[PDB]
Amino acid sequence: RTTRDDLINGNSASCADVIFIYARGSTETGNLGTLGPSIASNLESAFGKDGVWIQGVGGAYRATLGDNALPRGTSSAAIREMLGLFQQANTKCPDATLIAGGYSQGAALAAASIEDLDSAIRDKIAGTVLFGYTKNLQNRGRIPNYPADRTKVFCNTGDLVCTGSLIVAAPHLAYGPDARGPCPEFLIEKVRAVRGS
């Protein structure tokens, strides 16, 4: 449901082929929030329960609304938490293909973490999805140091956070359909592009 710690709980002896690390939006519950569960279910359908590990960013990431105003769009502690998860994935399952995603503050967190990530690990992320990307205008729809072809941004018309503001309007809460279809579609495609099948 809203909490998944497949990576942390997982046995190194039987690593999944795909590891998905996701950061929730502000004030959302568990470590997956409102959109994470939908993405997870679809990933499981494609790769099978044992084929993919779903890991939300919990720990120090409190998804505090006020942190959207900090320089990177989230807290330093949150970035360290997500970086640590990528590092854990790399160590626990070196042969797994990674995919990532984030919504709202989680999107900023995903961008910041990926930017700071060691290139060797960053290069293992076959695709990243960002919903209501709070740094969309500032970063010109990109994630620093990460290829455009591996990036997909879902920014609704009227979603003010995609246009340089921190105002939360109705379109910012309308990403359900995207999380159910195009998002997993993109992630699956990106994984298959490098892993074949």
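Numbering starts at 1 and follows the sequence shown.
Chemist: Identify the stretch, either 146-154 or 39-47, whose C-alpha atoms have the larger mean B-factor according to the entry.
Modeler: Stretch with the greater average CA B-factor: 39-47.
Chemist: Can you tell me which stretch has the higher mean Cα B-factor, 5-13 or 175-183?
Modeler: Looking at the record's C-alpha B-factors, the answer is 5-13.
Chemist: Which of these has the highest Cα B-factor in the record: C162, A63, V168, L32?
Modeler: Comparing C-alpha B-factors across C162, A63, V168, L32, the top value belongs to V168.
Chemist: Could you say which of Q105, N90, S75, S113 has its CA atom at the highest B factor, as listed in the PDB entry?
Modeler: In this record, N90 carries the highest C-alpha B-factor of the candidates.
Chemist: Would you please rank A120 by its C-alpha temperature factor against the other modelled residues of its chain and give the third it falls in: lowest, middle or highest?
Modeler: It falls in the top third of the chain.
Chemist: What third of the chain does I79 rank in for C-alpha temperature factor, lowest, middle or highest?
Modeler: Middle third by C-alpha B-factor.
Chemist: When the deposited Cα B-factors of this chain's modelled residues are ordered and cut into thirds, is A96 in the lowest, the middle or the highest one?
Modeler: It falls in the top third of the chain.
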